[PDB]
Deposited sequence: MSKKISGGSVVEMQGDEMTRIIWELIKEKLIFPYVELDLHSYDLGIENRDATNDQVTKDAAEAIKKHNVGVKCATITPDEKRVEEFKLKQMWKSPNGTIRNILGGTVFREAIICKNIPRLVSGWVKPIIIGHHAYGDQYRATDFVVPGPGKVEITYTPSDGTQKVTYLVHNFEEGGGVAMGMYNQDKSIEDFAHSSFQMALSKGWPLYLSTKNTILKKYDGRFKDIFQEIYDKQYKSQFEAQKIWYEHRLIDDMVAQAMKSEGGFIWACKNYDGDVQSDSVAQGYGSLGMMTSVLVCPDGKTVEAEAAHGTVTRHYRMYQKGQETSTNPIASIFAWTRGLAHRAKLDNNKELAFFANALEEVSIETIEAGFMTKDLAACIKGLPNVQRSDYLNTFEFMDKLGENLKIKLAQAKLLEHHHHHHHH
């Protein structure tokens, strides 16, 4: 028998990533895991045909079943409108999903010890998070001389404060009002603490509390208040810690570190993007790359392609590990981790796609024998996964 995986929302996408997404299911997921699969086709022709209703239904399904795994999708522009003869310039599916779900986006690189890195000392992955909806900022044109003031009027009427933003004396310009609700800062803190707990790494928040004393100071304060009143014991029980750092000081210390921390910031086929909702229940994983149009155009002309599926595979493993965590499914938790180990071990043993071979040898030096095409790489992952799971019994 296969592992009973439970309830998973799956989102199909476009171009080359749509092809490798089906190969991940066909060769790595379905031969070992049985799922109550809620599949939504977020392909550009389907989103056009349904007037983007499929994206909204897919977003509601993630809210209901707590686990979303998404394939890369085309965000329409004037060229795509002309290419597919679209009805509208459909909004980014990711934006629509994010708007309905809410949460914090965390990006994480997949580290293969034999693959070159910007900072060679980084041996453990760094996870970088930014809170999701400057979007809700009121900007405007100042047509000429005059004063721009910002006023705060409490609900009872009393303790009203007016601040001069600028007195324009020699002409016009622009001005804007920006805000941040406490709830959004608390959600950002929760998603960050819950992320650091599920990973088992220390958490660092970086602000500019020296430039924006009051604005960024409330981020530093809220994160500390939630840490002491709700997470300090859980962090100590997992030997990790939370600390705030100034961005200038944080960048400098990060270079001298070996990575392996969650980095909360106030302001390619080896990187994931995971939306972590404040509830600590709902997660949506996807590769942090696009649909790889250039490889898809080669595929369309009968040319052999060599597309890296690691980021797409890790969207499945991060989502399945989360599904296993919610359901206390030990066999699924094991599978999700074994698939990640196999992916890294295969590249570390020298079996990789052309892009990774180019990172090592340099593109002009890459020979056909230095890499595997899309299918051969998936088959090598499939053999190693069969072996790894057969050893585990």
Sequence ranges without modelled C-alpha atoms (deposited numbering): 1 to 2, 136 to 137, 272 to 287, 414 to 424
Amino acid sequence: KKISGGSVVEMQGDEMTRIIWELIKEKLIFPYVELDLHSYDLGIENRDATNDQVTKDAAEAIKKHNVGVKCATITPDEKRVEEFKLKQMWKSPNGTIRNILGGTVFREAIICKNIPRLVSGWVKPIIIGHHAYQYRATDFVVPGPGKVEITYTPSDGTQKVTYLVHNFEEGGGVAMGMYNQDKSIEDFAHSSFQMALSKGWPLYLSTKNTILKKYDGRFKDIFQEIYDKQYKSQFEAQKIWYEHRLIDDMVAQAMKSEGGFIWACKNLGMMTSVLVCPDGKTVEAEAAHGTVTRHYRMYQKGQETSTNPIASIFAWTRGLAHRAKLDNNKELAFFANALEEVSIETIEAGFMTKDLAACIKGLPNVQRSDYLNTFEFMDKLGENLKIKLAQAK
From here on, numbers count along this sequence of modelled residues.
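For clarity, a rigid core is taken as the largest C-alpha set superposing within 1.5 Å between two forms.
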After superposing on the rigid core, the stretch whose C-alphas lie farther from this form in 5 other deposited structures of this protein, comparing 355 to 363 with 31 to 39, is 355 to 363
Taking RMS over all structures and residues, which stretch has CA atoms farther from the shown form in 5 other deposited structures of this protein, 235 to 243 or 312 to 320, after a rigid core fit? 235 to 243
When the other PDB entries of this protein are compared, is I110 left blank in at least a third of them? no
Unresolved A254 in a third or more of other entries flanked by modelled residues: no
Mean Cα B-factor check, 166 to 174 vs 120 to 128, entry values; winner is 120 to 128
Please compare 237 to 245 with 83 to 91 and say which has the higher mean C-alpha temperature factor in the record. 237 to 245
Among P145, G259, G290, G103, highest Cα B-factor in the entry goes to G259
Per the entry, which of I150, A72, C265, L320 tops the list for Cα B factor? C265
Which third, lowest, middle or highest, does the CA B-factor of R297 fall in along this chain? lowest
Split the chain's modelled residues into thirds by Cα B-factor; is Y135 in the lowest, middle or highest one? highest
How does the C-alpha B factor of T158 compare with the rest of the chain: lowest, middle or highest third? highest
Chain third (lowest, middle, highest) by recorded CA B-factor, residue given as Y227: highest
Using only modelled residues of the chain, where does the Cα B factor of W316 rank: lowest third, middle third or highest third? lowest
